[PDB]
Amino acid sequence: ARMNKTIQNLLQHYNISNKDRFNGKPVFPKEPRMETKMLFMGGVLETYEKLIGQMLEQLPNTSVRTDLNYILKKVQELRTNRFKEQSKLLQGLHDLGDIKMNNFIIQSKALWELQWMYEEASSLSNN
Amino acid sequence: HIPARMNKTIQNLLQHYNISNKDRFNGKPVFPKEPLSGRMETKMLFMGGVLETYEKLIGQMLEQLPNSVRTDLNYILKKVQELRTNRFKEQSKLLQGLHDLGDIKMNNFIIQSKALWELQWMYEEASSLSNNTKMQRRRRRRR
């Protein structure tokens with residue numbers, strides 16, 4: 001309930017018009033098995049950590065801050081206590097997005113790893 | 001266990017894509033095998049991610065070509081696309097969600113307010129979900 005009261009306050013500061021609200025992309029995709037929903041929401045809490053950290057950074061000089069640190073703490077607590085497995089997987093998934101596509105050595109290393117990787121992928125299906 | 005043609009085609013490719021055994025086995029593989037433990041859901045998801053990564057890769061390997069390497073690449077691209085599509089539809093869907101969350105413009109003010117407009121709903125949903133007495137019972141197992 002401090003949560004919800006702190007959020008309404010922040011909304012006073014992070015005020016946008018309806019024209020901006022509805023025009024453009026919706027921020028999130030739609031919530032999609034239980035393990036599937038947990039992981040997605042682990043994605044979501046992680047996003048909020050990231051998001052609120054930029055908000056703090058964008059505050060002047062560097063109560064609003066007091067408010068932001070509260071929701072940051074709360075989001076962090078939930079992720080740390082109840083989303084540990086999901087977070088280890090999400091990191092794996094982010095790590096794949098960092099591989100250097102243009103690098104010749106990596107291309108050739110990946111190429112060599114393809115055989116095992118395609119064996120494994122194939123067998124996971126006809127199980 | 002894989003097609004002969006896949007194996008053979010990969011070997012032919014490794015001729016053009018030639019590197020020292022030192023640089024190849026420097027203790028840093030491209031793709032970890034570590035996330036192929038735990039549940040079937042986790043393995044399928046991670047594997048779906050690897051197949052998506054390879055499709056990107058092979059793409060670039062085709063761009064960085066000038067002017068039978070090209071057909072060997074195109075063949076290897078096709079077999080990966082086909083496996084993804086035919087066995088990893090559910091996983092690709094989720095992954096597109098996760099990739100999308102990853103891409104959000106977090107330093108933009110409009111985005112911050114829209115995201116903030118959903119925090120309560122999203123926190124509540126996160127919390128509610130994260131004890132259904134199978135998720136709570138599963139989290140107890142690993143302690």
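Above this text sits the structure in question.
Undergrad: Quick rundown of the packing of helix α1 (residues 2–13) of chain A against helix α6 (residues 109–117) of chain B? Include the residues and the values.
TA: Where α1(A) contacts α6(B), the two axes come as close as 10 Å, and the packing angle between them is 155°. The angle between α1(A) and α6(B) falls in the class roughly antiparallel. For the pair α1(A) and α6(B), the sense of crossing is left-handed. Of the residues in α6(B), those touching α1(A) at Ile7(A), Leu10(A), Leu11(A) and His13(A) are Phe109(B), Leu116(B) and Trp117(B). Of the residues contributing to the contact of α1(A) with α6(B), the split by class is six nonpolar, one polar and no charged.

Undergrad: Summarise helix α1 (residues 4–16) of chain B; cite the residues concerned and give the values.
TA: Buried within α1(B) are the following residues: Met6(B), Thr9(B), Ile10(B), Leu13(B) and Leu14(B). For α1(B), the angular spread of the buried residues around the axis is 145°, confining them to a single face. Relative to its buried face, α1(B) has exposed residues pointing more than 90 degrees away, namely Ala4(B), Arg5(B), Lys8(B) and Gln15(B). Looking at the buried residues of α1(B), the elements they touch are α6 (104–125) of chain A together with α2 (21–24) and α4 (69–87) of chain B.

Undergrad: Pulling in residues and values, what's your account of the packing of aromatic side chains?
TA: Given two aromatic rings, their pairing is described by the distance between the two centres and the angle made by the two planes. Scanning the model with the defined rule gives five aromatic pairs over all chains in all. Geometrically, the ring pair formed by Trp112(A) and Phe25(B) is edge-to-face, given 5.9 Å between the ring centres and 90° between the ring planes. Here the residue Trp112(A) occupies a position in helix α6, and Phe25(B) occupies one in the loop between α2 and α3 (40–63), the pair thus bridging two chains. For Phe25(B), a relative accessible area of 54% puts it in the exposed group. The interplanar angle of 45° and the centroid separation of 4.8 Å between the aromatic rings of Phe31(B) and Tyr54(B) together place this pair among those described as tilted. Taken together, the residues span a long stretch of sequence, with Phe31(B) in the loop between α2 and α3 and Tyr54(B) in helix α3 at a distance of 23 residues. Accessibility expressed as a relative area gives 2% for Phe31(B), which makes it buried. Given the relative accessible area of 1%, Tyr54(B) is considered buried. Between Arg2(A) and the ring centre of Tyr70(A), over which it is positioned, the NZ or CZ distance is 3.9 Å.

Here is what the cut-offs are and how they apply
As presented, residues are numbered from 1 along each chain according to the written sequence, a scheme that may differ from that of the entry, and residues lacking coordinates are left out. Going through the entries in the order they are written, you letter the chains from A and number the ligands from 1. Only heavy atoms go into the side-chain values, all of them from the structure, while hydrogens and water stay out. Note on geometry: axes are lines fitted to C-alpha atoms, helical ones only across the stretch in contact, with angles between N-to-C directions running from 0 to 180 degrees. Numbering goes from the N terminus for both helices and strands, where a helix is a DSSP run of H or I of at least four residues and a strand is a run of E of at least two. Reported orientations rely on four angle classes, namely roughly parallel under 35 degrees, roughly antiparallel over 145, roughly perpendicular from 65 to 115, and oblique for the rest. Left-handed is the label given to a crossing in which the near helix is rotated counterclockwise from the far helix by less than a right angle, and right-handed is the label when the rotation is clockwise. Contact between two residues is taken to exist if any of their heavy atoms lie within 4.5 Å; hydrogens are not considered. For this classification, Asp, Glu, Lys and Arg are treated as charged, while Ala, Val, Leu, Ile, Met, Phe, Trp, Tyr, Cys and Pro are nonpolar and the rest, including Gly, are polar. Exposure classes here rest on a 1.4 Å probe applied to the protein chains alone. A residue is buried below 20% of its type maximum, exposed above 50%, and partly exposed in between. Within this analysis, the arc is defined by the directions that extend from the helix axis to the C-beta atoms. The aromatic pairing rule takes the rings of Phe, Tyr and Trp, using the six-membered ring of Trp, and pairs them if the centres are within 6.5 Å, calling planes under 30 degrees apart stacked, those over 60 edge-to-face and the rest tilted. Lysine and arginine charges are scored as sitting over a ring when NZ or CZ, respectively, is within 6 Å of the ring centre and within 35 degrees of the ring normal.

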